[PDB]
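Quick notes on the structure that follows.
Cβ coordinates were reconstructed from backbone atoms using ideal geometry, including for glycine residues, and neighbour counts include every protein chain displayed. Each value in this text was obtained by applying a stated rule to the coordinates, not by laboratory testing.
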Amino acid sequence: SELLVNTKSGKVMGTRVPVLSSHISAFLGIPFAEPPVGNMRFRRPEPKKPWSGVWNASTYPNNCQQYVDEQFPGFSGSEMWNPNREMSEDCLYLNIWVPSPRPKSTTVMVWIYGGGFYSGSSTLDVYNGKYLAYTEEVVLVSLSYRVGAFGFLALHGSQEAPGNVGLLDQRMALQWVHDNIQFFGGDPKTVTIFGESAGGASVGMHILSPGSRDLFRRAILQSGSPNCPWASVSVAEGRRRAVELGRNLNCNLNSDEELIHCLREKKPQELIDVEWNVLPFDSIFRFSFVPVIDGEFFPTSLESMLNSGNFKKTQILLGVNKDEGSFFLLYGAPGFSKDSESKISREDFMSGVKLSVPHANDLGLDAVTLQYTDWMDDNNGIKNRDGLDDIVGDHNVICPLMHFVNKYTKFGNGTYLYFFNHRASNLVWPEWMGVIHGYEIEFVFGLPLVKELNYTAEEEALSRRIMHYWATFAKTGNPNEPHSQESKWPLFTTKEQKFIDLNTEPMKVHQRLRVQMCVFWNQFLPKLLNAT
Amino acid sequence: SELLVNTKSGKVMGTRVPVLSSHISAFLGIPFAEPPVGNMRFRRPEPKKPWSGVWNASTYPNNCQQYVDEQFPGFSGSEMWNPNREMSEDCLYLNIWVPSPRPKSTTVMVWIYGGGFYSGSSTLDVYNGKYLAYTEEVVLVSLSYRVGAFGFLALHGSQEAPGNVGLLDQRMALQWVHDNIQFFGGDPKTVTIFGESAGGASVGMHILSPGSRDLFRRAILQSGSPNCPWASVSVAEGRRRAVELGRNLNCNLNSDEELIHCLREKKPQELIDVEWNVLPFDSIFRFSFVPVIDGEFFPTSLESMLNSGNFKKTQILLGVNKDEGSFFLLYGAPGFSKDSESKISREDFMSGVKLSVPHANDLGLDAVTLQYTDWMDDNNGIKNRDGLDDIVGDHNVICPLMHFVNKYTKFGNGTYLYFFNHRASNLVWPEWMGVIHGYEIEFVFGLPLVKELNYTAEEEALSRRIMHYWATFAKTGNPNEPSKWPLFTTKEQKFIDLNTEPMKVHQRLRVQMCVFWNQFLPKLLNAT
Ligand SMILES: *[C@@H]1O[C@H](CO)[C@@H](O)[C@H](O)[C@H]1NC(C)=O
Ligand SMILES: *[C@@H]1O[C@H](CO)[C@@H](O)[C@H](O)[C@H]1NC(C)=O
Ligand SMILES: *[C@@H]1O[C@H](CO)[C@@H](O)[C@H](O)[C@H]1NC(C)=O
Ligand SMILES: *[C@@H]1O[C@H](CO)[C@@H](O)[C@H](O)[C@H]1NC(C)=O
């Protein structure tokens, strides 16, 4: 049968799902590892031992234990990111969308959800893969990984909670695709991994990690890179937060054994109710438990690896959105509201920069302030809002990614940079937020194609050309169809540094995405802070 | 006789001079101090001893001993600033232009030449005071002071070479005006001291110094303020440079007394030939012997005086030119030429900022570089040239003056700020230099009023309104006579452009860059 597939770990039964007046096969909730429960919490994942019979893979699996956003109860703008299925530590499953009839050895694209490494699910509506798998004729995989303490608690030295197990969970799902995707009509030699935000950081992390390199062909990074200030911590910082989590729950802090054993006795929600209390400073765009530069998953410092070219050399397609930071200012900085224009006073602007660059000293803070303050009009609420907006987006996403793209391009075999700046017609968030963090995803996933979602005709075209760029890139390493016809997305070179805007208007080629601000964030500020 | 005046020091005989198809009286080279020669070298000035008979005040006096610019021989653009009389240590004299007939108790304006404290003359053509004295009916005086080591060699503690004697020469000339100007129809109670560059800084220094405050009513500072980075040094740096000047001339350095006896045996030119060797860094807009913060002429640090309001409270009228730094890049920065557009490679730009901010560490240099580099086009020679140009102008003149203006206005009784940006139609310097340092001077002195100088009619009108602003201000404390030049307040921070077009009011002159130069860089350097 088309829906019955025999994998290396057991039989699986999918379900025929309708998609845009047609249909396709979907294998949902396929396990790829042993439930990391009990004495398995915090430990490296273990392959799902083979099962007998037929696994019912017709419904979405559970979502990993995570923090749930309740800021705006009922609001679709925020609710669309919360788990839409029951949470559980038993959450290591992957979803697959196969074109019907089943391809022979077609391109495969593996999605890695974002969520600051503290949240995220593979079952969200904006990640429904039937549209992209169907339209571009690709085998689309949806993986999952442990988040928060459950996936990144790190006590370097210990083997019970070594850290980066969330990254290892992803790697095991990738090793699984490598071993069984051929049975679903996918070609394991042509697999592309792509993700947004924390997911984009992950992709760049597999690009770097020797243990992940051979498990994929190419990579796509959306609004995130391995070197983001919020994407990792030192073993020292990791241990401290680990111990502080224990302190927070009254645990025996004498040994990693006692601390860990204590943590494993707590219910999931207990660890989550205190998750945010371990951060070093009051801040925005900083998450408690994230990847650690251990010296194993990451041989050396991310920078030294980027400089020496120690990473997979292949093709990459990456980019960012116009307003990466508004979402985070709305939730954590004073003066911001989703119900107003959020004009910021000079006082709140100041509080906003300290909140945005929590690791900076006074001199650093003055440098940032000066770099984004129009001193002829310092009391302009609008310029203060947008300035603070750019600070958050530049420091946390755009510039770290530009540093990555420039370093990588020195060794890579092809780079394609994009600047997504389209404000969706049916956006439910206030206009001041602009092109919000995560809102290029619904276009990558073809949501604009479904009529009842009420997107405009031009947004459907944008979605269609974006999915095609992604898919064509996945298949060939180039988003452009060889001597096709339409405008050509140019390669990003260390010399020209070209990139295109992604929106509903004709293609526009640009150069040096936000160099001025990024030179500040990538070169000057670091030297300023390093000096004291 | 109108040309014969009895001063408290002795008789003076002036000379009737023609000015724009008319005449006025001119008393040139009147001694106000004892010749600071021989044993008087480096010492505070001594009042001129009364003479008997009639002093011939019909011709300009000597210019003080100074380094002479020879970069462009014959070139009028640089020549107009060189001594135009015999140089001599016997140079403490002042000149006076009195409108004819001799007015009765009228406004007095005292000019103090600039020149980095290492040069300058009161006899230059651009300082001829007949046009301004005539046109605005004011009594115009140009004084003189010792420059270079002769006026600022400072060995604090010593009474033989205490430093700041050049500022004192200035003060003695003012004291002389305060005592004798009434005899020329001047009103000692309505005296305005004005100067450009080093002279503008001097004006600001008299504004701060308790010993100078009662000798004048109001002040005008052009392209200079007391707090300029090149306008002063500490007693330690002053001594260090002094001792180094000795080292350069194989002088006995065992004691100040021996070092000083040695320096006094040398001919003026021997001191000058080594003057520049005492600077601490390779640099531009940095001069060897300048005023020193001694705790005497300057009670405490310039900044503390500005903060505590420890200075004369009155009306001030000051400004800067659009391109203050081009003159200095041309003489000391790589890539610059007088006969070229001077596009600056990226390499020359780098060494250029290094030369402009000699005291900064590497982080400071990166900060300055980042602040002035358009990274979407960093290999643009024009932008690199203009950028380096603004760095030198902003750091040395504009921002230091703006910090001064903002501090003063908190206690002052009236501030009028200007931004002069009119490129002379008949300028001999290349276009890239723009509105050059010192070139608003010819307008203040009304040179555009003389037909054979080939200025345009609009430049003559500009000169006339500038002179009237200066004179009216000098005369009432307001450049406006009852388009209004708005008063500068700490709140509005208004200022006007000074050019051939109609008046345009603006706010916060170069505030973005000056926040960097006045607040961020200093803090960066103090922390690193
Ligand atoms: C798989 O589960 C779905 C959802 O309840 C159900 O409709 C389907 O019949 C199940 N498959 C079998 C035959 O167990
Ligand atoms: C990629 O590598 C191939 C083979 O080494 C080479 O021919 C090609 O020029 C490279 N392309 C890029 C964009 O570096
Ligand atoms: C004053 O000195 C000048 C300069 O030599 C001389 O020409 C003039 O005749 C002198 N005045 C008189 C008449 O004493
Ligand atoms: C100047 O001083 C007078 C007298 O004290 C005062 O009334 C006036 O407001 C002051 N003007 C300015 C510009 O400060």
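When you scan the stretch B:391-410, do you find a residue that is in a loop (DSSP other than H, G, I, E, B), away from ligand 1 (no atom under 16 Å from the Cβ) and either over 20 Å from the mean Cα position of the chain (by Cα) or not aromatic (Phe, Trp, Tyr) (or both), even just one?
Yes, the stretch B:391-410 contains at least one residue that is in a loop (DSSP other than H, G, I, E, B), away from ligand 1 (no atom under 16 Å from the Cβ) and either over 20 Å from the mean Cα position of the chain (by Cα) or not aromatic (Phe, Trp, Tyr) (or both).
Which one of these is within 14 Å of chain A (Cβ to nearest Cβ), more than 16 Å from ligand 3 (Cβ to nearest atom), in contact with a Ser or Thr (Cβ under 8 Å, 6 or more places away or on another chain) and not acidic (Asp, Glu): B:413, B:406?
Among B:413, B:406, only B:406 is within 14 Å of chain A (Cβ to nearest Cβ), more than 16 Å from ligand 3 (Cβ to nearest atom), in contact with a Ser or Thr (Cβ under 8 Å, 6 or more places away or on another chain) and not acidic (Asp, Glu).
What tally of residues in the stretch B:355-367 results from selecting those that are over 26 Å from the mean Cα position of the chain (by Cα), of a type in the set (A, V, I, L, M, F, W, C) and crowded, with 16+ Cβ neighbours inside 10 Å?
2
Determine the pairs where a residue that is under 22 Å from residue A:290 (Cα atoms), located within the stretch A:54-81, has a partner that is within 16 Å of ligand 1 (Cβ to nearest atom) and basic (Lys, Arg) with Cβ atoms under 7 Å apart, the partner being 6 or more residues away or on another chain.
If the second residue must be within 16 Å of ligand 1 (Cβ to nearest atom) and basic (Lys, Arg), the pairs left are A:62/A:85; A:63/A:85.
Run residue B:413 past the list (1) within 16 Å of ligand 4 (Cβ to nearest atom); (2) surrounded by 19 or more Cβ atoms within 10 Å (Cβ to Cβ) and report the number of the one that doesn't hold.
In the conditions (1) within 16 Å of ligand 4 (Cβ to nearest atom); (2) surrounded by 19 or more Cβ atoms within 10 Å (Cβ to Cβ), residue B:413 misses (2) alone.
Could you say whether any residue in the stretch B:422-431 is crowded, with 22+ Cβ neighbours inside 10 Å, more than 14 Å from chain A (Cβ to nearest Cβ) and either away from ligand 2 (no atom under 16 Å from the Cβ) or under 12 Å from residue B:223 (Cα atoms) (or both)?
Checked against the condition, which is being crowded, with 22+ Cβ neighbours inside 10 Å, more than 14 Å from chain A (Cβ to nearest Cβ) and either away from ligand 2 (no atom under 16 Å from the Cβ) or under 12 Å from residue B:223 (Cα atoms) (or both), the stretch B:422-431 yields no hits at all.
The conditions are (1) under 30 Å from residue B:305 (Cβ atoms); (2) buried (at least 19 other Cβ atoms within 10 Å of the Cβ); (3) under 24 Å from the mean Cα position of the chain (by Cα), and residue B:329 fails exactly one of them. Which is it?
Evaluating residue B:329 over (1) under 30 Å from residue B:305 (Cβ atoms); (2) buried (at least 19 other Cβ atoms within 10 Å of the Cβ); (3) under 24 Å from the mean Cα position of the chain (by Cα) leaves (1) as the failure.
I'd like the full set of residues that are more than 19 Å from residue A:149 (Cα to Cα) and under 17 Å from the mean Cα position of the chain (by Cα), limited to the stretch A:82-101.
Scanning the stretch A:82-101 gives a single hit, A:94.
For the stretch B:467-490, name all the residues that are among the hydrophobic types (A, V, I, L, M, F, W, C) and more than 16 Å from ligand 4 (Cβ to nearest atom).
B:467, B:470, B:471, B:474
Taking the stretch B:48-66 as the region of interest, how many residues are surrounded by 15 or more Cβ atoms within 10 Å (Cβ to Cβ) and more than 16 Å from ligand 3 (Cβ to nearest atom)?
Result for the stretch B:48-66: 5.
Please determine whether any residue of the stretch A:477-490 is under 26 Å from the mean Cα position of the chain (by Cα) and assigned to a helix (DSSP H, G or I).
No, because not a single residue in the stretch A:477-490 is under 26 Å from the mean Cα position of the chain (by Cα) and assigned to a helix (DSSP H, G or I).
Just the residues that are among the aliphatic types (A, V, I, L, M), within 14 Å of another protein chain (Cβ to nearest Cβ) and under 24 Å from residue A:526 (Cα atoms), please, taken from the stretch A:354-385.
Selection gives A:360, A:363, A:365, A:367, A:368, A:370.
If the requirement is being under 30 Å from residue B:21 (Cβ atoms) and within 24 Å of the chain's Cα centre (by Cα), which of these qualifies: B:447, B:417?
B:447
Output the residues belonging to the stretch A:104-129 that are touching a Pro at 6+ places or on another chain (Cβ under 9 Å), surrounded by fewer than 24 Cβ atoms within 10 Å (Cβ to Cβ) and of a type in the set (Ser, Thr, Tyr).
Matches in the stretch A:104-129: A:105, A:106, A:119, A:123.
Quick check on residue B:471: is it away from ligand 2 (no atom under 16 Å from the Cβ), over 23 Å from residue B:141 (Cα atoms), among the small types (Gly, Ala, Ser) and away from chain A (no Cβ under 14 Å)?
No: the conditions fail for residue B:471.
For the stretch B:199-249, enumerate the residues that are of a type in the set (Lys, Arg), surrounded by fewer than 24 Cβ atoms within 10 Å (Cβ to Cβ) and farther than 26 Å from residue B:266 by Cβ.
Result: B:213, B:217.
Kindly state which helices (runs of 4 or more DSSP H) lie completely within the stretch A:222-287 and contain at least 3 residues that are among the aliphatic types (A, V, I, L, M).
Here the list reads A:235-248, A:256-265.
Keeping to the stretch B:19-64, report how many residues are within 25 Å of the chain's Cα centre (by Cα) and part of a strand (DSSP E or B).
9
Looking only at the stretch A:67-85, decide whether some residue is closer than 20 Å to residue A:26 by Cα and either surrounded by fewer than 13 Cβ atoms within 10 Å (Cβ to Cβ) or within 16 Å of ligand 1 (Cβ to nearest atom) (or both).
Scanning the stretch A:67-85 turns up at least one residue that is closer than 20 Å to residue A:26 by Cα and either surrounded by fewer than 13 Cβ atoms within 10 Å (Cβ to Cβ) or within 16 Å of ligand 1 (Cβ to nearest atom) (or both).
What number of residues within the stretch B:457-467 are surrounded by 15 or more Cβ atoms within 10 Å (Cβ to Cβ), over 21 Å from the mean Cα position of the chain (by Cα) and of a type outside the set (D, E, K, R)?
1
Quick check, is residue B:82 more than 16 Å from ligand 4 (Cβ to nearest atom), closer than 26 Å to residue B:437 by Cα and in contact with a strand residue (DSSP E or B) (Cβ under 6 Å, 6 or more places away or on another chain)?
Against the criterion (more than 16 Å from ligand 4 (Cβ to nearest atom), closer than 26 Å to residue B:437 by Cα and in contact with a strand residue (DSSP E or B) (Cβ under 6 Å, 6 or more places away or on another chain)), residue B:82 does not qualify.
Looking only at residues that are assigned to a loop (DSSP other than H, G, I, E, B) and touching a strand residue (DSSP E or B) at 6+ places or on another chain (Cβ under 9 Å) in the stretch B:491-528, which one is nearest to the other protein chains (Cβ to nearest Cβ)?
Among residues in the stretch B:491-528 that are assigned to a loop (DSSP other than H, G, I, E, B) and touching a strand residue (DSSP E or B) at 6+ places or on another chain (Cβ under 9 Å), the one nearest to the other protein chains (Cβ to nearest Cβ) is B:508.
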